[PDB]
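Chains as they are written, first to last, in the authors' numbering: chain D, 604 to 781; chain F, 1004 to 1181; chain C, 404 to 581; chain A, 4 to 181; chain I, 204 to 381; chain H, 4 to 181; chain R, 804 to 981; chain S, 1004 to 1181; chain J, 404 to 581; chain Q, 604 to 781.
Don't be surprised by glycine CBs; every beta carbon is placed ideally from N, CA and C.
Number of protein chains: 10
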Amino acid sequence: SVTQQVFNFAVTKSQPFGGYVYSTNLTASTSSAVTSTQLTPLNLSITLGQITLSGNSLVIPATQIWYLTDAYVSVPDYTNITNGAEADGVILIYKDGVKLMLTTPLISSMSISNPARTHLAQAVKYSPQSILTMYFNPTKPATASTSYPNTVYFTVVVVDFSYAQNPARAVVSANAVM
Amino acid sequence: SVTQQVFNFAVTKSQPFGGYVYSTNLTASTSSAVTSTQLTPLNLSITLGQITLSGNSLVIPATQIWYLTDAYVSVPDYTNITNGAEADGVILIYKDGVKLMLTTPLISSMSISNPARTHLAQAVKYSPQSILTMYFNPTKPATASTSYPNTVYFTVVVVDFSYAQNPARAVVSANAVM
Amino acid sequence: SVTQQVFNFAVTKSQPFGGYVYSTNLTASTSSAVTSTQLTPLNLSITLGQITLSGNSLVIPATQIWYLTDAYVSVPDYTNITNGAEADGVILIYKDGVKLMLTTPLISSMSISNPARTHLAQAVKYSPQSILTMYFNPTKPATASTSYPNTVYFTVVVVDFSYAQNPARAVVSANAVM
Amino acid sequence: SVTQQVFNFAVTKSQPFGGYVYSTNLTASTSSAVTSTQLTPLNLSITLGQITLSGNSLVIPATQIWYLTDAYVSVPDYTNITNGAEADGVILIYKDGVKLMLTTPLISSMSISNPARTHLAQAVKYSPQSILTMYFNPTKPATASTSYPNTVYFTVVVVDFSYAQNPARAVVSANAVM
Amino acid sequence: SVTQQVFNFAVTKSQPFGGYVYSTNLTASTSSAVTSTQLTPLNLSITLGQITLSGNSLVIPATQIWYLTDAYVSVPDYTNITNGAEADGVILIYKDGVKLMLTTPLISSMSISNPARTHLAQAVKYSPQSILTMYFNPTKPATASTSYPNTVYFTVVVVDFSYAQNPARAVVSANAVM
Amino acid sequence: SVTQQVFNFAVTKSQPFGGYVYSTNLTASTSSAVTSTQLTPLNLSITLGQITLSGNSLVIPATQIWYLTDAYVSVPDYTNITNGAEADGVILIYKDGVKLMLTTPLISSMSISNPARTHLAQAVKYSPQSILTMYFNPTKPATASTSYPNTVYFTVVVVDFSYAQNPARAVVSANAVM
Amino acid sequence: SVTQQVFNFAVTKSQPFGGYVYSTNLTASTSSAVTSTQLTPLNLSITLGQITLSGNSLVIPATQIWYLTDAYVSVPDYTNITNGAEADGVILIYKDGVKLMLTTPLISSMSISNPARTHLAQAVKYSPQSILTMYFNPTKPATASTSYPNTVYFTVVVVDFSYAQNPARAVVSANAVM
Amino acid sequence: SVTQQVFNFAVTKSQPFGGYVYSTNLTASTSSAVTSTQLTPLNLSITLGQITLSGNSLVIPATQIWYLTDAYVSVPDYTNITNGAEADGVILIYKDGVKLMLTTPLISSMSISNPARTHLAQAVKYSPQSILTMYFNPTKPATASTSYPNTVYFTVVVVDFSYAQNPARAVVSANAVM
Amino acid sequence: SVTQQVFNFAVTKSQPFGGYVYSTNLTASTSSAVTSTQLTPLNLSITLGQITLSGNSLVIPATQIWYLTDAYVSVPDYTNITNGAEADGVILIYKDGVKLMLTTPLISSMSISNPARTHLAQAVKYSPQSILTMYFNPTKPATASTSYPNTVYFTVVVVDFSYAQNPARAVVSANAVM
Amino acid sequence: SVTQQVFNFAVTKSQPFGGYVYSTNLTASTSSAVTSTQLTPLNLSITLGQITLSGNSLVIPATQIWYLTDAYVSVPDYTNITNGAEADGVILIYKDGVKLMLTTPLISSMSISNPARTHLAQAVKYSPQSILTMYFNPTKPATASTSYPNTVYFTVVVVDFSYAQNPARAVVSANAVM
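Encoded structure:
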C-alpha cells in the first residue's frame, strides 16, 4: 500500500486539470556481466503506445510527471546472485544527472522469493523534462563462469497530461500543486 | 482490506436506490503454454444466478457496476513460474477496448503466500455497459518441457440493480453519485 | 518500518533552510569469527562524496545530519547462524562515546527470510561532528569449525546541507528544529 | 505494540525529573541440559558499558527502573526444542523471591519466526532496589543425545536517573508518578 | 582573464535566484582523417555527474545555461598539423541551427605551444535547450600516410539551477536577466 | 591580477575583526606514473610553523578561510608532458566531497613560461572546516618509459583569525561579512 | 593522601544520625596474565565479621556508605612490571554500571617504592545498594614468558549504620547530607 | 595538583548547566622506533562507554570540553631512553592543527619516579569541536638494536554535556563561562 | 615590478624626517645541494659600509627600515634546475622568527630567462631591529650526480636615518607613518 | 611549579593587549671539546616557525618578551661528564653583553638522572631588544680521549606580540605593567 497512496494522491490532484494516471513497468538492466567496478544500466520504460523509451539517461517527456515507487528482483536473478553468476551491489538514483535521490538497499535482499523483502525509503518524483539516470555500484562481483547480466525491475506511476485542453502549461501548474 | 474500503463504499451509496452488493472472483487464464509473444487470456466471472460469462471481452450489463479491486496468483502456479514450467510477464488491463489503466507488476511477484506482496495499483471502477479486456505480455517465457497454461485470479465487487422498481433510473442516478 | 516516516520528517523540515534528504547504506562487520566475547564491528559508510569512511568510530561530517533507521541480514548469513557457522547476539549503538541509545534485537531475528522480520524502535539522530560507534555482544557464539565473520547492513537517512548559502549557519539552525 | 507504549510512556513521564530511557536485552540461561525437574536459570543483563550483570537474583540498582516487556526464543533454539534436543516448559517470573507475577506460556510456542507468536502477558515494572528472579518448570524434558542448555531472551526498558542531579529526589518523584 | 569575466558575471546574476555555477572542459573532435571536404566534429561534454552528452549537435538540458568561452589545441596535435598528419582549417560555431556567431581563427594558430596564442572573439552564451553544432572547414588537409583525427578542446561555464524551489521556468526567468 | 583583488579584499575586510592575511603555495602530486584511469593527488600545504599539512583531503582549520586563486605547472614538467614522460589531463576540485566547483583546463596548457597561459576560472573560497580534495582525470596518458609523477602548484590566500582574540566569534562574523 | 580528609568528613557528618566509621582493604586482581585487551578484575572486600564479599561487580550492603580513597601496588608486582612479567595500564572505576567516575593513574606509577607515589584525584562516594565494578585497560602488555596476574590493592572508608535507633531511616537521611 | 585546581574548577562552573566531569588518560604513542626525523604519534583516548578513540587527530565531539592537564613517562620507558633503546626529543601540542601552544621539555626528563620532575607548562583548555594533534621532534634518536616505540602518557579532564536537557544550548552557554 | 613604487614611496615620506633611500643586493644561498627536505639559506647582505652581514637571521640595524621588493634567478642556475642539478621549490620569508608573510612563487618561474618572469606580490616591511630569516621548501629536489647549491638574489630598499638631528628619535617616528 | 607561575603571570597580563604566550626549548652547546679556558656556547632557540635561531648572542626581537626559567642536563651527557669525556663547570648568563645576571650551579649537578637535582635562583626576564649571550667557564676539563661537546637545555617562556592590532606600542605598553 505504498504505491496505492501516491496513486490516490495523483488522481485527486490531476482531476481538475485533466490527467491520465496509470501505472507502468520500468526495467533497468546492466549489460554484459559486471565484474570490476561501477557500471551503467540501460533504463527501459514502456508507455501506452508500445513505445520503448530505452537507452541510458532517460529524459521524462514534456507532458508527464513520474513517480518511482517500488523495486523487486525476480527469482531466477536471485538464484544467479547467490550462486555467483551475477554481481550483488546497490543502485544509485540520480535526478538531472547531478542530484542524488536514493540508494537501493542491496538488490539481492529486495528479491521477491523472501517473505520479508526490503523496501525503498521514499517515492521519488520526476518533473517534466529531467534526466533520470542510474548507476550500479557492485560489491562481491561475478565469480562463476558463464555469468549473466543483471536485471532490476521498478514500478512507476505515470501521470500523463497530453490530452488536456492545452497540454503545455497545465503540466507545470499541476507540478507545483503536487 | 482495500476491497473492504470499496465494499463498504458500495453498500453505503447503492442502498437508497436499492442495490444488491456482493463480491465474486474472476479468472483470467492465458491458454495453452504461452512461450513466444503477446497473447489474450479468457476472462471468466461467476455472477449470481448459476451463470458463468466466459470468453474474451466481458460486456458489462446495463444494470450492473463492477469493481476490479485485487489480484493474486495461486501457490502451485508460483511454484511453476519459478521452475520455468509456465511463463512470467505482466498483464495489461483495458477499458472499452481502448483505454489502458493498469499494468500488474510481474505476476511471479504477486503470489499470495508472501505477506510482502505487491498488490494492484488502484481499485478500477468499471461503469455500466463497457468492455473489460486483458492481455498478457510475456517476459521470461516458459522454457521447460510439459509446460502449463497461466492463471491469474481477480476479486470483483459487483453492484446490481436488476431487482429494483425501475432498473433504468436507478442505475443512472447511482452511477453519478457512486 | 520507521524509515519511511523520518525520511518524510527530514524533507519538510530542511526545506526552509535548504538541503538534501537522501539515503545510503552502512555496513557493520565484526572481523574474524567471534567465539568468546564482545568485539568491535567495523563501520563502513559511503556517501555522495565517493569517500569511504571505514574503520571503527565514524565521525559525522560538519554539514550532515545522519539518521540510523533500519537493519537487515542476508539469507546466507542467516544460514550460517543456524548451523553455528557464526555467532548470534545483539548490536549496541553508542553516541559521543558516552551514551548508549539502542540495542538491535537479536540479528538472527531480523533476517530477511523470517516472515516476522523485526525492525528498530526509533530512528537515532546524529548531529554535526559526533561519534557513531557500535559494539557486538555475542550470545550463543560460533561452535562449528571454519566459521565466518558477521555482517549487518544498516540504513542511514543523510540530510546534507552543502548547497545552501552558508552551510555553517544553516546546519546549526536545522539541528535545533529537528 | 506493547514495548512501544511502555517506551513512549517512560520517555514522556521521566523527562521533567531528568531521565535517560533506553532498551536492552536480558538472557535467561538454564545451563547443563535440564532433564528431570524444576531448575533456576542464570539471569544476565547487558547494560551500558559492557558490564554484563550476571548470575541469579539480579538486584536492581538504586537509581534505575526496569520494565520486563516481551520475551521470545530464538529459531535454532526452537529447532532444538522440536527435535527434543533441549527441554520444554514454562518460566515463572518472581518479584522479591516470594511473589509470583507471570508464567510464560510454553517457551516452544513463542519462537520469533512465527507471526502468530504468543506474547508475554503484561509489562512488569521493577522498581528500585528489588530482586528479579525466575524459575524454569519443565514438561517433556530433553530426550535426545547431545543435549543443549536453554536460552530465553527478554526485553527490558531501563530508565536511569544517575546522571540528572541528586538522584534520590528524582527516583522517588518519578517512582511516585510513573 | 576573459573566462573569469563571464564567470563572475554568472555567479552574481544567478545568485538571487539560486544557481550553482562551475566550469567544464568540452571536447570537439573530427573523426577519421579529414582529407578533402567539409566535415563534422563530434561534440562531447561531460557534466559533473558523469553523464556524457555525446554525438553531433548537443542539446542543452532544461535547467542549465551554458557559456562557451575559450578554445585551444594541445601540443601532440600541433606537431601533427605542421607535419601533415592532420588537417588545418577553421571551426564554425552555431546555435539553434540558424545563427552563426563565431569562426575560430585557423586552429593551428590556436595551439598552446606558442607564447602568443590567439583567442576567440566573444564568449557565446547558450540558453536552455538549443542545438550546439560545429563544422570543420579545412584548408591544407592531411597529406602524409598514417593520418590522425583532429581534436579541439573548449572551456564552457555551466550555470545550474537544479537546487532551487522552482522548476525550469525560473531558469528562463534568470535567462531574461542575463 | 586576479590574486591581488582577493588580497586587497582580505586585507580590507578582515582588518577590523583582527586578521592576518598571507599567501602560500599548495602542491598537488599525483604519484607513481599515472597511465590508465582517474587517480587521487597527494595534497601538501605549508602554512605558518612548518606543519606541512600533507596527504589527501586537507581539512581547513576552524579558524581560517582559504582562497584557491591560481594554478600552474613548472617548465620541466611541461617538457615531460609534451614528450610523453608524464600524463596530461584535467584536475577536478571538490568541496565537502560532493560539490564540484572547477575543472582545470588541461594542465599542459597552464605552463608558467607562456605569457598566454590560461588561468583558473575563479578564486574558490573555502570556509571554516570543510574537506578540500582534488582528482586527476587523465586524457592522453603517459606513454614513454621512465615516466614521472605529476605535479601541479596552486596559490592559496590564507586569512587567519586564530591569534587575534577569541577566534570563533571573529571567524563567524568575518565569514558572514566577507 | 586524601584518606585523612574524608575520614574526618565521615566521622563528623555521620554522628548526628548514629555512625560507625572504620576503614578496610579492597583487593582487585585481574586473573591469568592479561596480554592483549581490556580485562575484568575480581574484586574482594573484607568487612568486619569474616564477611568477604567476592566475585565481579560487588553490591554494597543496605546500611553502609563506602568511600574509595587510594590505591597502592606492592614491590613483587613492580619488579614484574618492569621485567615484562605482567601488564601495565590503568583501572576504570564504574558506579551503577553506567557512570564512569575515575581512572587510576598508571598502576606501575602507584608502586610502593616510587618516592613520588601518585595518589587519586578525589575519593568517590558510594551509596547504599549500588554495583561497584572495575575494569583494566592494559597499555604495553605482558610480553615475556611465565607471566603473572595483576593485583592492585585499594583503601575503602566504610560508614556503617547498624547500631542506630532505626537502621533504615538513618541511612537515607545521612546519604543525602554526606 | 594542577589537575585538582582544574577538576574543582570544572565541577563548579559546569554544575548550573548540568554537566558530567570526569578524568581519563590519553596515550600518545609514536609507532615503530623513530630513528631519523620528525614523526607523528597516535593519540588514544579512553572515553566512558568502553570506546578507544584511536588514530591521529582526535576530534572533540560537540557536547564535550577537554582539558590537557599533565604529562609523564612510564619507568620502563625511561629505562629504555637512557640506555639508547628508544629515542629522546620534545613533543609539540597543536590546536586546530595550526596554533602551537606548548612544547614539552625533553620527555626523558619527565619520568614519574623523580620528585624533581618538570611538569607540563600549563593546563590547556581544548574548546568544542576542534582538532587535537601532536608531533614528536626527536633529538638523540634510537641507536641500539632491538629498539622499541615511544609512549608518553597524558591526563585529560573531560567535561561532558550530553546528558543535559538540551545538549546544544548547554555547551554554548558553558563554553563562554568556563 | 613593485620595486620602483616603494622606492618612490620611501623618498616622499622620509623627507619630513630626513633620510637616505637607496637600494642594495641580498643573496640567499642554501649550502650543499638540497635533496631531501627543508633547509636554511644563508643570507648575505652588503650595505654602504662595505660590510657583509653573513649567516642566518640578519638583524636590521637600529636606524634603518628595509623593504624586500623583488627577486630573480640567473640563467646558469636555471639551466641547472631543468637538468636536475639543483632543487626547485619555494622560499618562505619570516619576520621576528614567528610570522610568515610571503612565499616566493616557484624560483624557476622568477628566473631571468622566463619571458613571463613573475615578481613578488607586495613589499615586505622591516622596522628597526627585527629578525629577517628565510627558509627553502624543496619540491622536486635534486637527483643528478654532481649537484649544485641554490642561489636566489633579492633586492632590498634601505631607508637610512643616520644623517638626521638624532637618528634614534627620527626612525621611531617614521616607522609609524611608513 | 616555577615555570607554571610565570606562564600564568604572562597570560594574565598578555590578555588585555593581545599576546601569544607559548613555551619553547633553548639549547646552548659549547662546540668541540673544551679543554683549557672560557668558551662561548652556540645558543639555539626553536620558536613556532621551527626557526633554528642559531649563532652566538641571540637578539630578542622588538615584539617579544622572553623568560629564561629552567635548566637541565640529559642522561647521556651526565654519564660523559663523570667519565671525563667532556668538561664540567658553570654557565654565565649575560644581559646585553654587559650585565651578569645569574650563574648556573655546576652543570654536572643539574643533571636529570638524580632525583633531587639543583635549580636556578630566579626567572630572568628579557625585555625588547637585548642581546642574550652566554659563556661557559670550565672547571675540571675533559681528560680522556674521544671527547664530546657540552650541551645544556633551557626552557623559555616567550610572550609574543607580533599578531596584535598594532605591534609597535602594545609591546611597550605591556612591558611596563609586567
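C-beta contact flag for residue i and residue j at 8 angstroms
i                       : j                : result
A631 of chain D         : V760 of chain D  : no
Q1053 of chain S        : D499 of chain C  : no
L29 of chain H          : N11 of chain H   : no
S239 of chain I         : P344 of chain I  : yes
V476 of chain C         : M537 of chain C  : no
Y951 of chain R         : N886 of chain R  : no
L1109 of chain F        : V1093 of chain F : yes
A773 of chain Q         : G621 of chain Q  : yes
residue 1182 of chain S : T1106 of chain S : Nothing can be reported for residue 1182 of chain S, as the shown portion of chain S is limited to 1004 through 1181.
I1134 of chain S        : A919 of chain R  : no
Residue range of the beta strand (DSSP E) that includes residue i
i                : result
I1084 of chain S : No beta strand (DSSP E) holds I1084 of chain S; the alpha helix (DSSP H) holding it covers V1078 to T1085.
Counted within 10 angstroms of its Cβ, other Cβ atoms place residue i as buried (16 or more) or exposed
i                : result
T349 of chain I  : exposed
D273 of chain I  : buried
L442 of chain J  : buried
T158 of chain H  : buried
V101 of chain A  : exposed
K728 of chain Q  : buried
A747 of chain Q  : exposed
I649 of chain Q  : buried
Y1023 of chain S : buried
Contact set between residue i and chain D, taken where Cβ atoms lie within less than 8 angstroms
i               : result
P370 of chain I : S730, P731, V775, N778 and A779
Residue i: contacting residues in chain A (beta-carbon distance under 8 angstroms)
i               : result
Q467 of chain C : Going along chain A, no residue has its Cβ under 8 angstroms from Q467 of chain C, so there is no contact; the nearest lies around 24 angstroms.
Contacts of residue i in chain C (Cβ-Cβ under 7 angstroms)
i                : result
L1051 of chain S : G500 and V501
Within chain J, the residues that residue i reaches when beta carbons sit closer than 7 angstroms
i               : result
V662 of chain Q : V462, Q532 and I534
Where the alpha helix (DSSP H) containing residue i begins and where it ends
i               : result
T958 of chain R : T958 of chain R -> not in any alpha helix (DSSP H); beta strand (DSSP E) instead, spanning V955 to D963.
Within chain Q, the residues that residue i reaches when beta carbons sit closer than 8 angstroms
i              : result
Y23 of chain H : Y766
Closer than 7 angstroms at the beta carbon, the chain Q residues around residue i
i                : result
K1143 of chain S : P679
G458 of chain J  : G658
Amino acids of chain F, ordered along the chain, whose beta-carbon sits closer than 9 angstroms to that of residue i
i               : result
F610 of chain D : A1124 and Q1125
List in chain order: all unbroken beta strand (DSSP E) runs of 3+ residues lying wholly within the region 316–353 of chain I.
327–329 and 337–340
Could you pull out every unbroken alpha helix (DSSP H) segment of at least 4 residues lying fully inside the region 819–907 of chain R, listed in chain order?
878–885
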